[PDB]
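By written order: A, B, C, D, E, F, G and H. Residues from 1 in each chain.
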Amino acid sequence: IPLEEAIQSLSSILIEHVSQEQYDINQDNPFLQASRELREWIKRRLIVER
Amino acid sequence: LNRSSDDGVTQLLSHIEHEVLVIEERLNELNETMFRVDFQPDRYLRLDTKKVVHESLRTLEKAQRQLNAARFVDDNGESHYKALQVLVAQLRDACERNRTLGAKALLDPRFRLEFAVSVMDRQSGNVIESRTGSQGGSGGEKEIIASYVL
Amino acid sequence: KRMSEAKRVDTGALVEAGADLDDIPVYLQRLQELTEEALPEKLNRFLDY
Amino acid sequence: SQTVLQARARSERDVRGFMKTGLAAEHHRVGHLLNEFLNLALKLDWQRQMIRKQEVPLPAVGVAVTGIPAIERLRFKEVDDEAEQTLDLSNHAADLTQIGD
Amino acid sequence: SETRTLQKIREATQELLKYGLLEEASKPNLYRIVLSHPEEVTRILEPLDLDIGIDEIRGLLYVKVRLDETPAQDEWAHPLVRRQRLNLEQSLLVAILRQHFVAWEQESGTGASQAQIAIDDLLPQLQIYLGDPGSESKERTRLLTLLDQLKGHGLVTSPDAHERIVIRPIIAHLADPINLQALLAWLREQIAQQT
Amino acid sequence: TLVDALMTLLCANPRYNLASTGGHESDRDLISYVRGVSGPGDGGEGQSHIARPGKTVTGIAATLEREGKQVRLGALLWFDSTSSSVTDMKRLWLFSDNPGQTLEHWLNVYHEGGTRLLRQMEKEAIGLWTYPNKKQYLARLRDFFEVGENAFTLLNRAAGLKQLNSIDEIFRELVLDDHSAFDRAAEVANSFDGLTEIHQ
Amino acid sequence: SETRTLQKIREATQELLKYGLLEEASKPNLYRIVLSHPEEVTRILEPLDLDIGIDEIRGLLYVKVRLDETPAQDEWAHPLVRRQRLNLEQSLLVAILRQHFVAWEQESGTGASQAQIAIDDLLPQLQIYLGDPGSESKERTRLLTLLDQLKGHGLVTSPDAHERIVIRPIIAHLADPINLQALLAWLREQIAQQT
Amino acid sequence: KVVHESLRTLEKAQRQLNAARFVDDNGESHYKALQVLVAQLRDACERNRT
């Protein structure tokens, strides 16, 4: 997955879960949240970017 | 050392201040005389003066103050004597090098102030030209500046 | 001591040699080379010029 | 498949090159000391930012002296002025002779 | 073997090329040594096209470019002295400090010990040309960071515990002081025009 | 003021107001004329003495005529800010032999647009030349009037200089063209560089 | 009366001090000038506690600190040294670069030409020591940051169009047997502390 | 016609070099003379405003 398209898709998906306050999902900026957690996962070795 | 006193230097500095004040007062009479003439259509000239605190005087004052502070720490009077020696060293060096402007601006009354010709507005009294010399000027104007001041 | 001083004066040819007794052969080789080939060639060039 | 094989193509080419180096420096003195140092490096714990922010006792060479802060070197801000233009170029006809005696 | 340049003069030259300023009020021994050997220091600095100008009245030294006597180059260019242009805020602050120093000298004389100016005093004066950035904290932080930036050039001392500052004697020898007066008066007049 | 307005164009490095000083030193500069600094000022905060403190423009031109042919020298100087430092003053010297080109024409063109417009006008118009620095313009003056560079400097210092304190100095610095072989001596010395390198 | 050092020597020494090192591969007209008058340059740099160090084999001149006749002082505490003391991870990359340089040097012989290395060969080398963050972008950024920090020391140029870097020959002097022996001793001491 | 001391000294160095070409050594003295000749040229060029 090209990284920018991945950010787009993940940001769009996160929007459909904002109502899940059970895990403190916020609304300030979906794109920044994607930029944060799509790398939080990389440091956890679930995904790797090459 | 207990019998010794610091009066010598302070009296000299006071005498120098008296000389500077005398020179300024004497210039005051010339300023009053100069008020009576028109250097220009409605300008009357005046001589000003600023005070030049040469670094040597600042250092001497600092040494005198630290001497005042050094008397009251007791080490057989060693610190007091060292402070007095430091203070006297400046005076001795100035005496040995009186020809350099560095000592002139400490021991000579004539070098304790810096002069500058000035142009005053007759009506308002606001200065227009703090002429420190004659650099620039038209010539002829240079001539009148020189003639007036001389 | 003397190897360190030689290094100090030495111009580049011995950058790859330390100051321990292991590297003495390199210094001896440098002296031999100077005495045999480099120095006479440079002197010949200097005199010719 | 053509991505995995490309990955191996890079990985193999970049180790077949690394081993050519090391061979050329096994018996050279500085190469030997360098291999010793590299070997000693592995024991350290690089993950800790503090350990890889120590300061080795290497010398200073190529020390550059620049930025001598001479006071004269300064210059001040140039604020642009854009409010209006002084198009006026009148002939100054007021130059008619009006002079003293 | 060969003679080495005396120790304290080496120290003086290195420090003077690090900071560019020496003051009798903050390094008396070094200043005295440098003035007692005027030819030696100027000889050490001559190869680099550098040279010291001595201000006995204010007891200050500073490194100035030595380049030749009015050559075809109207403006000097040097490899070490990298010319810098201050940003707007720094220029206005330097102008304010210049005016304060000149005014104080007009009264106490040339070289008189500089009266400390409170940080609080400066904030209204910068507010004339910059307004209020939004909060007292923001403006005070801006003023403190600007004073820290200027301390690098040696124009000012660090604020004391009571939050006052002193004006270093160096500010008298700035490059072209006519630029400060003109720009300051120009903005001061523009604000009156608009208000 | 007029004599120096003329002389700014002629000499390479002029000595303004020379005649007043007696003939040895000048005591003004181009900036103090462009801004029209009236004097040393009140010495304090005042800025009254400066005529044009803000963004200003200025021009000077001299018209010389022989057998009807006109060669009009010109010059343009301006500031984009209050700064009065020599590096922020932007200059454009002008030389022309076309009667139609005038200083008022140049000022109107400049008011329309900056330097680029004048450079375009240079291509458009015949018998006109411009130079962003004084050296090429002075070279043009030299090749036009067929005189060594020393001649115009001689003219400038002749505007005053009512002393003639030493004939030797005048004829050495103000009359005789520069033919010193310094470059030749430098070349000769460099010929021995190879020997120095080999010996070292 | 007044004696000016030869203007050519002044120009050469000013450039040499500005950049910190000089080469025949880039500035031959100045490298030769310095190489013909080493005594003059040494004595000019002597007061500042800076001393030349020559390399005819490779065409390299560089300036280095002095401790002579004022010994037992850390080199980096010198007042004019404008850059920080080397960092451990930086010295690791220095060691790798030096290994590549010795390989290239013994292959092509000490002398001319430049020792080029491709960025590709350096990413794997660090991957062993610094760990793998599973993101080629991040480790590439880390490697480029390290190289940039080394450009501040003058050991390497920046990456060029083909993602290659020239290892400036000064590296041969920065890591030589004496300094490497001291570094090894210090590293063994640190390892012993760790135990 | 005024011949300054500098030209006289340069002429003296010229003659000294001319006579020194023939001395028998490793070239030392000849090089000394040649360099002392050139030194007058360099010094002259550097202080050209004297």
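Keep in mind that, in the parts below, contacts are C-beta pairs under 8 Å (C-beta built on N, C-alpha and C of every residue); 3 or more make two chains touch, one makes a residue touch a chain.
Think of each touching pair as a link: the shortest run of links from subunit F to subunit G has 1 of them. For this structure, the chains sharing the highest number of C-beta contacts are D-G.
Rounded to a whole number, the gap between the C-alpha centres of subunit A and subunit G is 44 angstrom.
Here the CA centre of subunit A is 52 Å from the CA centre of subunit E. For the pair subunit D and subunit F, the distance between mean C-alpha positions equals 41 Å.
Distance between subunit B and subunit H, defined via averaged C-alpha coordinates, is recorded as 56 Å. Counting only residues that touch two or more partner chains, subunit G has 4, 17-18, 48, 78, 80, 173, 176-177, 181.
Residues of subunit A found to touch two or more other chains are 50.
Shown for subunit F are the residues in touch with two or more other chains, namely 44, 54, 81-83, 85, 87, 195-196, 199.
If you check each pair of chains against the touch rule, the ones that pass are A-G, B-E, B-F, C-D, C-F, C-G, C-H, D-E, D-F, D-G, E-F, E-G, F-G, F-H, G-H. Within the complex formed with subunit F, the subunit E residues making contact are 70, 74-75, 99, 102, 106, 175-176, 178-179, 181-183, 185-186.
Interface residues of subunit G, counted against subunit D in their complex, comprise 17-21, 48, 50, 53, 62-65, 75-76, 78, 80-83, 85-89, 91-92, 94-96, 98-100, 102-103, 106-107, 120-121, 124-125, 128-131, 153-154, 170, 173-177, 179-184, 186-188, 190-191, 194.
Considering their complex, residues 32, 35-36, 38 of subunit G touch subunit F. Residues 43, 46-47 of subunit C touch subunit H in their complex. Listing the residues of subunit H that touch subunit G in their complex gives 42, 46-47.
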